[PDB]
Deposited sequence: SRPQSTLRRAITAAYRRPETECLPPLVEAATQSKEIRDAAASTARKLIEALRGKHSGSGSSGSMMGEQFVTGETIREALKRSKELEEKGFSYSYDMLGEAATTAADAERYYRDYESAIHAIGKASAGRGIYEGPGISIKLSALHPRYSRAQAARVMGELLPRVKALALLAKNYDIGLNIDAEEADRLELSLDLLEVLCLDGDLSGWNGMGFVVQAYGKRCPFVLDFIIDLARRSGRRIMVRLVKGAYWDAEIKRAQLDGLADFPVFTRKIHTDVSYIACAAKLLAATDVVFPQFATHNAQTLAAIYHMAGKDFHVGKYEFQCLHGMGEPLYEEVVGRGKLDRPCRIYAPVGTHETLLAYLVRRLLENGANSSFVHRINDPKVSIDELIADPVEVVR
């Protein structure tokens, strides 16, 4: 059969599978024992009570708090304080959706210079304890969303390979951010080619994001875990819910779709995230799970799902600069939960901030978001710590 025919066919089959058909296997995989659910509820209650206690009871629209620096040099200087406490960083040179070849070339050079600076700052700390970088493929090919995959692939692959080689040379992480649903397939084919490229051998810093609001998420994870097994690379896998929900809904409506590529009920994304976390936690020999979330209930659920055995390098949590520090200050550190957290740290100016800021406003301003609900007087602590899997079981 075609290489990985079964795994690839499962991804394609899920693309726009009816939401009601996607959920039952996820609900079963996300169901935890009463004993774990009770312990997770107690942990989540503590995290929320601490969140407010140290921040005047609270759980800017201009978003200066979302950018760590205007240049990589400035961002690296401002990272020392939180690294001393046990946080790590992943730097994001802001910029995406290149419209011209010159723009894509400028973004490439920004990433290249950033890797040199981050690699020097890492100073041999390696991919888990030291800083890394995150990149967006849409920054590196003009009209990434429009051109045929063969053209986008043949030009993008040498650029990403060159960046990955530099990250290998400094032994830092290099993560491919996940963007719109229609570019998942291309990005995953690129990940495969890089993981099978012998020039990158011996480096486990290649990382890839999977969005749990997507119907393909568990099948993409199956493909990635199998790719790790056959390539010999321990792939870093950032599990997120997803940043483009409002845009995906609008696009699917304009595409005339009867079934969308993302879930439309928020708790279905929560169930998908927990089910996918269970899959990742059973594969830590071959992937490095990175649980990106600001939701204290999700965090507590995974913390207890992962069990008592932990070492740095097994898995980590992640958060966004300007959103997650108050929560993760109750997580990192021996007297807290003793689990590491990597801060995603945007670097740039107003000329590159708006697209990211809009996604942050849609995240922070939505009534369904944990970060909004924690400040909503109508939402009880009972509701914040409730397991969403029990709502749909």
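Residues of the deposited sequence lacking C-alpha coordinates fall in a single stretch, 60-62, numbered from 1.
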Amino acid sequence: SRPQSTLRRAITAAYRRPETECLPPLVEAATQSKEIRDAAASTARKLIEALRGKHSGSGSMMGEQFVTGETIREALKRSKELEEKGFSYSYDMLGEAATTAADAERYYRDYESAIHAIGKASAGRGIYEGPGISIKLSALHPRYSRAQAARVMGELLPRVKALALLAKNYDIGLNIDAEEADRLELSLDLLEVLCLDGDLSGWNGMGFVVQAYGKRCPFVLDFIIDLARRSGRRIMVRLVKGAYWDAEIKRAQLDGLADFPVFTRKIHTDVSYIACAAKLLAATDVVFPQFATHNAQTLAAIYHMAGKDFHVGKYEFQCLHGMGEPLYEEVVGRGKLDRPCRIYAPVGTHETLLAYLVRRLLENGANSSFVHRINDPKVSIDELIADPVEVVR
From here on, numbers count along this sequence of modelled residues.
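We call the rigid core the largest set of C-alpha positions that still match within 1.5 Å between the two forms.
Between 315-323 and 142-150, the larger mean CA deviation from the shown form in 8 other deposited structures of this protein, after core superposition, belongs to 142-150. Averaged over Cα atoms, the B-factor as recorded in the entry is higher for 349-357 than for the other of 349-357 and 40-48. Look at the C-alpha B-factors of 240-248 and of 122-130. On average they run higher in 122-130. For the set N204, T99, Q318, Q211, the maximum C-alpha B-factor listed in the entry falls on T99. The top Cα temperature factor in the record, among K314, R143, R183, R229, falls on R143.
The PDB entry assigns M62 a C-alpha temperature factor belonging to the highest third of its chain's modelled residues. The deposited CA B-factor of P340 belongs to the lowest third of values across its chain. For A147, the recorded CA temperature factor ranks within the highest third of the chain's modelled residues. Ranked against the other modelled residues of its chain, the C-alpha B-factor of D189 as given in the entry falls in the middle third.
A178: CA B factor in the lowest third of modelled residues in this chain (values from the PDB entry).
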